[PDB]
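Worksheet: the structure to be examined is printed underneath.
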Amino acid sequence: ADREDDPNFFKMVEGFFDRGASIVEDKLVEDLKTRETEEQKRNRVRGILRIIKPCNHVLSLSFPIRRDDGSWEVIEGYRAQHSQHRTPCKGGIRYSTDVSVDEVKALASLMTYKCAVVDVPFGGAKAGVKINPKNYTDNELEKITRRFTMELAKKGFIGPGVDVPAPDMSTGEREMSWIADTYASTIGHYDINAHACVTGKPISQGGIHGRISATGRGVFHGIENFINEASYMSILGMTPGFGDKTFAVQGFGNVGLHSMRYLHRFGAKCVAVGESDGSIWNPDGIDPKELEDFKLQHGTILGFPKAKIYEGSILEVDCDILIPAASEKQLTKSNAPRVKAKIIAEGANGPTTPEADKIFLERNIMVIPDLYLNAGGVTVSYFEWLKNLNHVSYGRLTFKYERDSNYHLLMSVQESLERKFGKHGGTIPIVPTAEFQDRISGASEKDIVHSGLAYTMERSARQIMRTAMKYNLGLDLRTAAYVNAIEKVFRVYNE
Amino acid sequence: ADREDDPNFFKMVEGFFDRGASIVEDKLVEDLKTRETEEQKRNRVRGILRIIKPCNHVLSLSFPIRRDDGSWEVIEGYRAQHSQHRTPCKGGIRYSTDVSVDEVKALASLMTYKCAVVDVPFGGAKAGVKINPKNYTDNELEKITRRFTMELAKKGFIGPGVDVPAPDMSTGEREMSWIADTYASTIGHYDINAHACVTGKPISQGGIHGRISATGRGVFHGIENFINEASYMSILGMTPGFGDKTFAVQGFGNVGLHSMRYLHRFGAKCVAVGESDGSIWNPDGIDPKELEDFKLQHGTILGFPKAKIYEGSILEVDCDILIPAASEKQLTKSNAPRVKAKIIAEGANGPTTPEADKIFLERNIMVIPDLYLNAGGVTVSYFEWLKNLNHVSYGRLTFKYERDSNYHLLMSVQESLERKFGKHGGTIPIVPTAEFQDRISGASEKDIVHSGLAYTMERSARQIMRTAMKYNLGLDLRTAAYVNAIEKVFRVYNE
Amino acid sequence: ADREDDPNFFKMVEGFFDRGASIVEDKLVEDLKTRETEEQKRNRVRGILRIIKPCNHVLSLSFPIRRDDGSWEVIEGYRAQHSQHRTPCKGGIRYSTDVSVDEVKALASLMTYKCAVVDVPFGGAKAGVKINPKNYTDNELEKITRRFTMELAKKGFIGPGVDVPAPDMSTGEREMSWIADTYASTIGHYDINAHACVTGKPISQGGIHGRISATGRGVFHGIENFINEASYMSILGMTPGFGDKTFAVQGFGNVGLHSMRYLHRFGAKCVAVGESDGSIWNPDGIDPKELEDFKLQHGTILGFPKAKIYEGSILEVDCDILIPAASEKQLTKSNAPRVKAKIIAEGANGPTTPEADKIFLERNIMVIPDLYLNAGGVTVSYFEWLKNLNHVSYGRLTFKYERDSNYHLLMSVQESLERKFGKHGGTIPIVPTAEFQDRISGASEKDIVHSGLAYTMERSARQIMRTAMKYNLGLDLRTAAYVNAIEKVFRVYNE
Ligand SMILES: NC(=O)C1=CN([C@@H]2O[C@H](COP(=O)(O)OP(=O)(O)OC[C@H]3O[C@@H](n4cnc5c(N)ncnc54)[C@H](OP(=O)(O)O)[C@@H]3O)[C@@H](O)[C@H]2O)C=CC1
Ligand SMILES: NC(=O)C1=CN([C@@H]2O[C@H](COP(=O)(O)OP(=O)(O)OC[C@H]3O[C@@H](n4cnc5c(N)ncnc54)[C@H](OP(=O)(O)O)[C@@H]3O)[C@@H](O)[C@H]2O)C=CC1
Ligand SMILES: NC(=O)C1=CN([C@@H]2O[C@H](COP(=O)(O)OP(=O)(O)OC[C@H]3O[C@@H](n4cnc5c(N)ncnc54)[C@H](OP(=O)(O)O)[C@@H]3O)[C@@H](O)[C@H]2O)C=CC1
Ligand SMILES: Nc1nc2c(ncn2[C@@H]2O[C@H](COP(=O)(O)OP(=O)(O)OP(=O)(O)O)[C@@H](O)[C@H]2O)c(=O)[nH]1
Ligand SMILES: Nc1nc2c(ncn2[C@@H]2O[C@H](COP(=O)(O)OP(=O)(O)OP(=O)(O)O)[C@@H](O)[C@H]2O)c(=O)[nH]1
Ligand SMILES: Nc1nc2c(ncn2[C@@H]2O[C@H](COP(=O)(O)OP(=O)(O)OP(=O)(O)O)[C@@H](O)[C@H]2O)c(=O)[nH]1
Ligand SMILES: N[C@@H](CCC(=O)O)C(=O)O
Ligand SMILES: N[C@@H](CCC(=O)O)C(=O)O
Ligand SMILES: N[C@@H](CCC(=O)O)C(=O)O
Ligand SMILES: [Zn+2]
Ligand SMILES: [Zn+2]
Ligand SMILES: [Zn+2]
Ligand SMILES: [Zn+2]
Ligand SMILES: [Zn+2]
Ligand SMILES: [Zn+2]
């Protein structure tokens, strides 16, 4: 959404993909042990990547909606299913007038690779409805998200075993609660797992802890996994830890709000927030809760008391971490050289262009790629789907057993020691640390979503770092991610 | 029975609901953050509350049977589903002549509120067939069970993801076995979950441990949690603990007997048991096992040696704990004044009417409401359903692994204690407690049923107790319960 | 093919089953509660058994294939399903020219009793296709197994909850991956468990760790569980353990190879390998990894540098353990007199005829029977089917949480101890041993596969031993197995 650096979104991801695929093409051919080796392996690798790139299924919908004034409006909509190498497909629904089959094809291709980076067992899919939800009433929105769902279900583009959606820009809990309900009510009344047909749902309708803040929490973790690796902080020329540093977020939505929230909590200082109508600034810090508070009461952030209204690209604030948490293609050729930050935390899906990437590369700015950084969402989504399939709130059946097993464990160590040091020690009590006391009943659902997220973010950071160093990609972390993703997906097509 | 206090079962439970519905009314109202405020909320609340109360679907059957002698007899039956706010619906099949669409309706609703109290994710449901089983041969009872399953199946009132029935009065393992068999042999031949279609099954047919005795056991756990609470035991004027307590039991069925078994087990003296033809009595104690033996032997509890035949309402026996475990509407305004017991443990479904509830409160008899006490049934039926869904005996895959790990964990405390106390300590064997040795391979199925039930019946007892004290219901435990059932259900309907 | 002791495979297996039944007939009768005592107790038992013996269903197939050369070829095939007392049926697919309806029938019956022995909740089934796989192309072997999958799909002889096939002779990962796909391509396109329709799948395609290796790994465990019971090695006249031991293996396929791997890993010297074009032999040891490389490089074992072409029945090689791991009816009345080994571990399916079983009995030769010994297969098959159902890799969500739990757990022992022993201890570190360090995150998938298998095999080993002694069967391990399989399947037969 720019001027003279606005590449076709799908091809822009194909561009990233194609790059990380030459980095491994040698590795893939060497891997494949096919008896007809040769270039008849080089090419059967060439064939396989050629099948991965294009979305397998796209469905373009035109369906009518009775507006609230009575009039009829033909509402446009698409869901692309990138890959089935794992079913079901996974990916959000976006309500925007930028929605096009190519944008939605791209977000789709971005989603399989996002799930490969964090080893989430879904092929990618994405959906968009070409509307601007500020122009519609809640009742209209409901009328839309439901009719969109009925069309998806009858053509096989939603369903717990075939394709599971999620939230995105201008969608969220509410519209997730609608989709779930119209599918379960119609196409899947007999389907035991009907409410696993979409993620992002309200806690009470089958959703999971922290799903709303999930993408932003995972954003904090991806940054932490690098903000603390001195290997890179050296190459950057700045010091480890969050306690030093300063950041600005583009976008105050589910991603941005929660990206701010957590970075602030662990010490970092938010100097600048912006949305589609302006940006505010104050190097002394902006408290996410006051900002949020103000945002909720005023429909905008502009004119926040404890900050100035910043004239100028927030992308170009003076800060250490810039977090694009709005939409795509916001860091482009023309404005990359003015970025002033050292780290670009890609909250959003593909907010930086290939050619901004190259500016950042040689300008020694670390772009942490969307592929990995915003996969907090699908992770905690996958957890939500898994919650649905399992039909049990994590911990429920085992809390009392482990609280029990653990005192009996602890009591074993007590008794053993008292058996030996009869009265020299006397009564050796063996009791939980405050922190083991919290852990003592086993993981709760909240427990699993935080730790399982961390585990994923730290592990997928690692195999990005291990892969970045194995190929000397330096700060080009993006293509390192597409290397692991291309790697894993090819494996499925391979065997 | 009772002819002057025979309220229509559905409206009666509707009453209990409404009551609890009022005390939350201000709470629910202030919770919901709807922007359109003031009293558009208060309507919203009794608007949602007005959808909860009525049953969504009720299915009336008339189907023919060929009796043994060769005649044709027509059997009528019903199944009511009260909610789908949780899929599937859960609820028993009862075979009595009292069955009417209405009692099946009230029973179903009761099941919805029940599962809410007890955090089981099922909407309530219930069936009934208008036969006295006693009057049919085993072969006939089979035909009736099967054809009634086919009717429920075709019209979609049974199925693992729609509606999982279960036992009730005059049905047990045997019948569920036939239900599960004709379902899975016809409609379910393809369902990987065909045997999750019903619960209460023979363990050999998909059942779970202790599902027969599970509602009895949950009765005990429910009584215990209060009887061991000094706050209520002061108010009630009785000693904490089961040691000094005497109790009587109306009904000697699945929940009748096993309630006796577990209460007798932990120290309570069962002085009297009743059935549909009379009661027996002995304030020196009746042993469940001897009584069970005699009953299976002579089809009647009457004429049991070690206890006299008690002339009169066993409900009115002198005792600590009165446990209705028969049909509904047995403690009424007629006989509520002269009950004698200080704790009513509603093992049966809706056994004390609201008129009695009133007397009991200002008499300061404590009523543990069926809502919370007999949920030990679904809770294990929920476990059985979960067992079927997972297709593994709990523990099977982890027994050895957990056995080994605890051993190496224990070993690490040892090798570390010796690493410090070189030889003044010597060799310090760290060994499992006899009880941690039982708990060393991890929880078996049995362990999950026992412990999961215990956790459940207490976690729910606490938030009942907490809600009694927050709204000063004192001993109106039922009203706190519905207050919690409502609060949890309402949360679904609006969010 | 033995020209004087070739019983019809099905009847032969019926004999083993008959044998065991008359042993527990008195047992089944006495347990049977039945009011109708007497011998109408005996006759229901024998009627039920009369139901268990015959296969419930057999599908015979004729379907044409157009060969690579463009000619038309009528491929015959079979699937028999023997029991549904557990759904789905389980059992391998076999490609051979021996595949007859009677052979397929026998193998399927062998599956139901096999899973009964190892407590794998599957009725048994088996399919063959009457082809020499050596005589067809990869392309032709795909058209065949794909069309066979379609024939099996459309008549209900494959489906994740109806009948889950798996590998067997001349089938493997590559065929399973086709079955799985062909099924999930078509019929199962909406099935959330389409990929659980078959086991043996590649790991990237829903397979499980070590399932190729699973069966012989259980052959190892099953031998191990017997080779270490002094009671049985006494009777035998051999030393406990693998230390000094020596074995020959008929068959070098998926059972033969890994049986030979694992036995070799834990001591034993493999002295003969054999296939269908001959045997090799070397008393001083055949290293399995060597023989694999040579096999893989030469498509045969004959002329393996480190052994001599053995001439003469591999079944009569001098060794401690003879392992038939090929086809059935290898050890027959003609050559059983000449077998020389003391433990016959039946990794194959039905390798030993009944007349040869008799000879082995009175020769004091312990045949560890197929029924139990090669059930490592289904068990790990079971594990993968569950893997597919649970849609999560084992441990994924709990690793990080368990790590921190154990560290705080130990940290609790540390600080508790330091609180007592102020400075007379000083700093009392408590750390994981090396072994508990490996388990400190919880069980990985392979962890479960390895310990789950081992658990299953030791437990099943025991209940066979337990049965043998109680029935004074001594070395008739087979009848002990059938006696458990009959016991277990019966008792499901309750209405
Ligand atoms: N769970 C999720 O929702 C996940 C989201 N993502 C990605 O992160 C991005 C944001 O998602 P989310 O934050 O949920 O969407 P939301 O709609 O919830 O929040 C959107 C934010 O972006 C701002 N914004 C949009 N366009 C611009 C612009 N051109 N210039 C400045 N600010 C702008 C909006 O401001 P205004 O309100 O003024 O338009 C708002 O602050 C998307 O690209 C999404 O794909 C990644 C992973 C998961
Ligand atoms: N899982 C369950 O079974 C659950 C059951 N409940 C409730 O428990 C109650 C009993 O269930 P269950 O015990 O399974 O039924 P059963 O058929 O198992 O046995 C019921 C017993 O109650 C007796 N009885 C019935 N009505 C009367 C009466 N009016 N006066 C005296 N005795 C009577 C019967 O006597 P006879 O045999 O002589 O008729 C029989 O002995 C039911 O109301 C059920 O809804 C609640 C939660 C779970
Ligand atoms: N999961 C499994 O695979 C399980 C298999 N089994 C049983 O084990 C046996 C084979 O399993 P699998 O290893 O999969 O079969 P494979 O297809 O893997 O080949 C087995 C081996 O047997 C050899 N062989 C075949 N026929 C003869 C013969 N007449 N004389 C000598 N050697 C012969 C083959 O050599 P050639 O190539 O020359 O035929 C090959 O080395 C069957 O009985 C099967 O049912 C038991 C449990 C599970
Ligand atoms: N937008 C917003 N979300 C919040 C706020 N406080 C908590 N949350 C989110 O609400 C969900 C539940 O929060 P909590 O109940 O406080 O528990 P939590 O897991 O500690 O959540 P976190 O505070 O993010 O770590 C989490 O997703 C939180 O991120 C808030 O002030 N604003
Ligand atoms: N009718 C009857 N049931 C019993 C008896 N003993 C146990 N049960 C129930 O039958 C099932 C099998 O009993 P057990 O295998 O001993 O299991 P358990 O959990 O240790 O038994 P309990 O703790 O007494 O419930 C359990 O659900 C018991 O509750 C009995 O003597 N009579
Ligand atoms: N056919 C064959 N299988 C092998 C060979 N080496 C290992 N495997 C099997 O392939 C699987 C993958 O091996 P690993 O990742 O090393 O796992 P593992 O659990 O340590 O396997 P084990 O060596 O049997 O203990 C396991 O089932 C191995 O048994 C081999 O040389 N040939
Ligand atoms: N749409 C979000 C999350 C998708 C999901 O939760 O499935 C993303 O870009 O990753
Ligand atoms: N009908 C039983 C519960 C049966 C079940 O769903 O398992 C009750 O009223 O609580
Ligand atoms: N043919 C194999 C089947 C194993 C499986 O089901 O994977 C056996 O005899 O056990
Ligand atoms: Zn349409
Ligand atoms: Zn959280
Ligand atoms: Zn009908
Ligand atoms: Zn029990
Ligand atoms: Zn056909
Ligand atoms: Zn392994």
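To be explicit about the labels: the chains of the structure tokens are called A, B, and onward in the order shown, and within each one the residues are counted from 1, while ligands get numbers from 1 in the order they are shown.
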
Identify, on the basis of only C-alpha atoms, every residue whose closest approach to segment 121-126 of chain B does not exceed 8 Å; exclude the query and any residue fewer than 5 positions from it along the same chain; express the result as a PDB file with N, CA, C and O atoms, in the first residue's frame.
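Okay, out-v3.pdb is ready:
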ATOM      1  N   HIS A 391     -11.524 -31.924  24.428  1.00  0.00           N
ATOM      2  CA  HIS A 391     -12.755 -31.835  25.220  1.00  0.00           C
ATOM      3  C   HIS A 391     -12.485 -31.850  26.718  1.00  0.00           C
ATOM      4  O   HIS A 391     -13.304 -32.343  27.498  1.00  0.00           O
TER       5      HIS A 391
ATOM      6  N   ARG B  79     -37.253 -38.336  24.896  1.00  0.00           N
ATOM      7  CA  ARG B  79     -35.948 -37.796  25.255  1.00  0.00           C
ATOM      8  C   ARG B  79     -35.972 -36.292  25.074  1.00  0.00           C
ATOM      9  O   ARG B  79     -36.346 -35.790  24.009  1.00  0.00           O
ATOM     10  N   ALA B  80     -35.603 -35.582  26.129  1.00  0.00           N
ATOM     11  CA  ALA B  80     -35.528 -34.137  26.127  1.00  0.00           C
ATOM     12  C   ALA B  80     -34.073 -33.729  26.203  1.00  0.00           C
ATOM     13  O   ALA B  80     -33.320 -34.269  27.014  1.00  0.00           O
ATOM     14  N   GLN B  81     -33.685 -32.774  25.378  1.00  0.00           N
ATOM     15  CA  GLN B  81     -32.402 -32.111  25.493  1.00  0.00           C
ATOM     16  C   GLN B  81     -32.627 -30.681  25.953  1.00  0.00           C
ATOM     17  O   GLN B  81     -33.379 -29.936  25.316  1.00  0.00           O
ATOM     18  N   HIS B  82     -31.963 -30.289  27.037  1.00  0.00           N
ATOM     19  CA  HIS B  82     -32.207 -28.970  27.600  1.00  0.00           C
ATOM     20  C   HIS B  82     -31.262 -27.896  27.088  1.00  0.00           C
ATOM     21  O   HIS B  82     -31.640 -26.726  27.052  1.00  0.00           O
ATOM     22  N   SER B  83     -30.039 -28.230  26.702  1.00  0.00           N
ATOM     23  CA  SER B  83     -29.124 -27.187  26.263  1.00  0.00           C
ATOM     24  C   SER B  83     -28.161 -27.762  25.242  1.00  0.00           C
ATOM     25  O   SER B  83     -27.881 -28.959  25.236  1.00  0.00           O
ATOM     26  N   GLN B  84     -27.677 -26.891  24.361  1.00  0.00           N
ATOM     27  CA  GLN B  84     -26.569 -27.206  23.476  1.00  0.00           C
ATOM     28  C   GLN B  84     -25.407 -26.260  23.702  1.00  0.00           C
ATOM     29  O   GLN B  84     -24.406 -26.346  22.977  1.00  0.00           O
ATOM     30  N   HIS B  85     -25.505 -25.373  24.709  1.00  0.00           N
ATOM     31  CA  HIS B  85     -24.421 -24.448  25.039  1.00  0.00           C
ATOM     32  C   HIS B  85     -23.126 -25.187  25.291  1.00  0.00           C
ATOM     33  O   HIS B  85     -22.057 -24.568  25.291  1.00  0.00           O
ATOM     34  N   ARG B  86     -23.221 -26.492  25.512  1.00  0.00           N
ATOM     35  CA  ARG B  86     -22.107 -27.420  25.466  1.00  0.00           C
ATOM     36  C   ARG B  86     -22.593 -28.639  24.699  1.00  0.00           C
ATOM     37  O   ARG B  86     -23.655 -29.186  25.003  1.00  0.00           O
ATOM     38  N   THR B  87     -21.842 -29.026  23.678  1.00  0.00           N
ATOM     39  CA  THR B  87     -22.007 -30.202  22.849  1.00  0.00           C
ATOM     40  C   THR B  87     -21.093 -31.313  23.349  1.00  0.00           C
ATOM     41  O   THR B  87     -19.919 -31.055  23.672  1.00  0.00           O
ATOM     42  N   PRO B  88     -21.569 -32.561  23.466  1.00  0.00           N
ATOM     43  CA  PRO B  88     -22.919 -33.039  23.211  1.00  0.00           C
ATOM     44  C   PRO B  88     -23.769 -32.898  24.441  1.00  0.00           C
ATOM     45  O   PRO B  88     -23.319 -32.309  25.421  1.00  0.00           O
ATOM     46  N   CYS B  89     -24.977 -33.444  24.389  1.00  0.00           N
ATOM     47  CA  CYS B  89     -25.875 -33.453  25.531  1.00  0.00           C
ATOM     48  C   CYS B  89     -25.685 -34.744  26.305  1.00  0.00           C
ATOM     49  O   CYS B  89     -25.420 -35.800  25.727  1.00  0.00           O
ATOM     50  N   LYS B  90     -25.817 -34.659  27.616  1.00  0.00           N
ATOM     51  CA  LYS B  90     -25.576 -35.814  28.461  1.00  0.00           C
ATOM     52  C   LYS B  90     -26.798 -36.048  29.331  1.00  0.00           C
ATOM     53  O   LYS B  90     -27.426 -35.094  29.795  1.00  0.00           O
ATOM     54  N   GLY B  91     -27.152 -37.311  29.531  1.00  0.00           N
ATOM     55  CA  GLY B  91     -28.233 -37.588  30.455  1.00  0.00           C
ATOM     56  C   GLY B  91     -28.810 -38.982  30.411  1.00  0.00           C
ATOM     57  O   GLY B  91     -28.810 -39.638  29.372  1.00  0.00           O
ATOM     58  N   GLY B  92     -29.355 -39.418  31.532  1.00  0.00           N
ATOM     59  CA  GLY B  92     -29.727 -40.806  31.686  1.00  0.00           C
ATOM     60  C   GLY B  92     -31.004 -41.195  30.959  1.00  0.00           C
ATOM     61  O   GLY B  92     -31.804 -40.372  30.497  1.00  0.00           O
ATOM     62  N   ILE B  93     -31.172 -42.512  30.864  1.00  0.00           N
ATOM     63  CA  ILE B  93     -32.388 -43.154  30.387  1.00  0.00           C
ATOM     64  C   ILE B  93     -33.005 -43.893  31.561  1.00  0.00           C
ATOM     65  O   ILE B  93     -32.395 -44.823  32.098  1.00  0.00           O
ATOM     66  N   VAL B 104     -39.135 -35.975  32.255  1.00  0.00           N
ATOM     67  CA  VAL B 104     -37.982 -35.995  31.367  1.00  0.00           C
ATOM     68  C   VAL B 104     -37.483 -34.576  31.072  1.00  0.00           C
ATOM     69  O   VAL B 104     -36.270 -34.348  30.957  1.00  0.00           O
ATOM     70  N   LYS B 105     -38.385 -33.595  30.982  1.00  0.00           N
ATOM     71  CA  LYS B 105     -37.946 -32.217  30.758  1.00  0.00           C
ATOM     72  C   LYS B 105     -37.193 -31.680  31.970  1.00  0.00           C
ATOM     73  O   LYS B 105     -36.097 -31.120  31.844  1.00  0.00           O
ATOM     74  N   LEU B 107     -35.800 -33.310  34.495  1.00  0.00           N
ATOM     75  CA  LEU B 107     -34.559 -34.046  34.640  1.00  0.00           C
ATOM     76  C   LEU B 107     -33.489 -33.465  33.724  1.00  0.00           C
ATOM     77  O   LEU B 107     -32.395 -33.118  34.173  1.00  0.00           O
ATOM     78  N   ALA B 108     -33.810 -33.285  32.445  1.00  0.00           N
ATOM     79  CA  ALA B 108     -32.821 -32.763  31.512  1.00  0.00           C
ATOM     80  C   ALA B 108     -32.251 -31.441  32.003  1.00  0.00           C
ATOM     81  O   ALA B 108     -31.031 -31.279  32.097  1.00  0.00           O
ATOM     82  N   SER B 109     -33.123 -30.490  32.352  1.00  0.00           N
ATOM     83  CA  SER B 109     -32.665 -29.169  32.783  1.00  0.00           C
ATOM     84  C   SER B 109     -31.688 -29.275  33.955  1.00  0.00           C
ATOM     85  O   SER B 109     -30.547 -28.788  33.895  1.00  0.00           O
ATOM     86  N   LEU B 110     -32.146 -29.896  35.041  1.00  0.00           N
ATOM     87  CA  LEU B 110     -31.343 -30.364  36.162  1.00  0.00           C
ATOM     88  C   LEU B 110     -29.957 -30.826  35.723  1.00  0.00           C
ATOM     89  O   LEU B 110     -28.963 -30.505  36.377  1.00  0.00           O
ATOM     90  N   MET B 111     -29.877 -31.568  34.615  1.00  0.00           N
ATOM     91  CA  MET B 111     -28.583 -32.037  34.136  1.00  0.00           C
ATOM     92  C   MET B 111     -27.728 -30.886  33.613  1.00  0.00           C
ATOM     93  O   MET B 111     -26.505 -30.889  33.789  1.00  0.00           O
ATOM     94  N   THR B 112     -28.344 -29.889  32.984  1.00  0.00           N
ATOM     95  CA  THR B 112     -27.583 -28.742  32.503  1.00  0.00           C
ATOM     96  C   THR B 112     -26.950 -27.975  33.652  1.00  0.00           C
ATOM     97  O   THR B 112     -25.739 -27.715  33.658  1.00  0.00           O
ATOM     98  N   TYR B 113     -27.782 -27.551  34.604  1.00  0.00           N
ATOM     99  CA  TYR B 113     -27.304 -26.848  35.788  1.00  0.00           C
ATOM    100  C   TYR B 113     -26.299 -27.686  36.551  1.00  0.00           C
ATOM    101  O   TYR B 113     -25.309 -27.166  37.067  1.00  0.00           O
ATOM    102  N   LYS B 114     -26.540 -28.991  36.617  1.00  0.00           N
ATOM    103  CA  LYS B 114     -25.638 -29.914  37.298  1.00  0.00           C
ATOM    104  C   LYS B 114     -24.228 -29.827  36.738  1.00  0.00           C
ATOM    105  O   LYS B 114     -23.272 -29.531  37.465  1.00  0.00           O
ATOM    106  N   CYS B 115     -24.096 -30.064  35.431  1.00  0.00           N
ATOM    107  CA  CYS B 115     -22.798 -30.006  34.778  1.00  0.00           C
ATOM    108  C   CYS B 115     -22.162 -28.627  34.884  1.00  0.00           C
ATOM    109  O   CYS B 115     -20.942 -28.497  34.793  1.00  0.00           O
ATOM    110  N   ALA B 116     -22.953 -27.584  35.070  1.00  0.00           N
ATOM    111  CA  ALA B 116     -22.352 -26.273  35.257  1.00  0.00           C
ATOM    112  C   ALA B 116     -21.683 -26.165  36.629  1.00  0.00           C
ATOM    113  O   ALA B 116     -20.516 -25.772  36.728  1.00  0.00           O
ATOM    114  N   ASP B 163     -25.518 -36.402  21.659  1.00  0.00           N
ATOM    115  CA  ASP B 163     -26.291 -36.681  22.856  1.00  0.00           C
ATOM    116  C   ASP B 163     -25.854 -38.049  23.375  1.00  0.00           C
ATOM    117  O   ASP B 163     -26.237 -39.077  22.815  1.00  0.00           O
ATOM    118  N   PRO B 165     -26.412 -40.530  26.119  1.00  0.00           N
ATOM    119  CA  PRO B 165     -27.201 -40.952  27.277  1.00  0.00           C
ATOM    120  C   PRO B 165     -26.369 -41.756  28.272  1.00  0.00           C
ATOM    121  O   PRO B 165     -25.132 -41.745  28.228  1.00  0.00           O
TER     122      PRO B 165
END

Got a sec to check which residues lie within 12 Å of ligand 12, using only C-alpha atoms and all ligand atoms, and send them as a compact mmCIF listing (two decimals) with N, CA and C atoms, in the first residue's frame?
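See selection-v7.txt below for the written result:
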# COMPACT_ATOMS: atom_id res chain seq x y z
N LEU B 59 -38.17 -35.23 22.29
CA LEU B 59 -38.57 -36.19 21.28
C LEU B 59 -39.47 -37.23 21.92
N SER B 60 -40.72 -37.32 21.43
CA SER B 60 -41.69 -38.30 21.92
C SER B 60 -41.79 -39.48 20.96
N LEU B 61 -41.65 -40.69 21.49
CA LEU B 61 -41.71 -41.93 20.74
C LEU B 61 -42.96 -42.72 21.10
N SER B 62 -43.58 -43.31 20.09
CA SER B 62 -44.45 -44.47 20.26
C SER B 62 -43.95 -45.52 19.27
N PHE B 63 -43.43 -46.63 19.78
CA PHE B 63 -43.04 -47.66 18.83
C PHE B 63 -43.61 -49.00 19.27
N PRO B 64 -43.86 -49.92 18.35
CA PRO B 64 -44.42 -51.21 18.74
C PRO B 64 -43.35 -52.19 19.22
N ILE B 75 -44.99 -49.19 22.86
CA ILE B 75 -44.16 -48.59 23.90
C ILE B 75 -44.06 -47.11 23.61
N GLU B 76 -44.26 -46.28 24.63
CA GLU B 76 -43.97 -44.86 24.45
C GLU B 76 -42.71 -44.49 25.23
N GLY B 77 -42.00 -43.48 24.70
CA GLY B 77 -40.76 -42.99 25.29
C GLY B 77 -40.48 -41.55 24.90
N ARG B 146 -33.44 -51.68 22.22
CA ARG B 146 -32.83 -51.51 20.91
C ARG B 146 -33.67 -50.59 20.04
N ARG B 147 -34.94 -50.94 19.85
CA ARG B 147 -35.85 -50.14 19.03
C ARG B 147 -35.89 -48.70 19.52
N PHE B 148 -35.88 -48.51 20.84
CA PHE B 148 -35.82 -47.17 21.38
C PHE B 148 -34.50 -46.48 21.05
N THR B 149 -33.42 -47.25 20.88
CA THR B 149 -32.17 -46.63 20.46
C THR B 149 -32.23 -46.25 18.99
N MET B 150 -32.84 -47.11 18.16
CA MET B 150 -32.99 -46.81 16.74
C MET B 150 -33.83 -45.56 16.54
N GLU B 151 -34.92 -45.43 17.29
CA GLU B 151 -35.72 -44.23 17.17
C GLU B 151 -34.92 -43.00 17.58
N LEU B 152 -34.26 -43.03 18.74
CA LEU B 152 -33.43 -41.90 19.13
C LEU B 152 -32.33 -41.64 18.12
N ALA B 153 -31.81 -42.68 17.48
CA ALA B 153 -30.67 -42.50 16.58
C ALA B 153 -31.10 -41.78 15.32
N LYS B 154 -32.16 -42.28 14.69
CA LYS B 154 -32.65 -41.69 13.44
C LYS B 154 -33.05 -40.24 13.64
N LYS B 155 -33.71 -39.91 14.75
CA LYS B 155 -34.09 -38.53 14.96
C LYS B 155 -33.01 -37.73 15.65
N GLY B 156 -31.82 -38.30 15.82
CA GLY B 156 -30.69 -37.54 16.30
C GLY B 156 -30.74 -37.18 17.76

Can you tell me, as an MDAnalysis selection string, what residues are no more than 8 Å from segment 403-419 of chain C when counting only C-alpha atoms, ignoring any on the same chain fewer than 2 positions away?
(chainID A and resid 410 413 428:433 435:436 439:440) or (chainID B and resid 413) or (chainID C and resid 399:401 421:423 425:431 440:442)
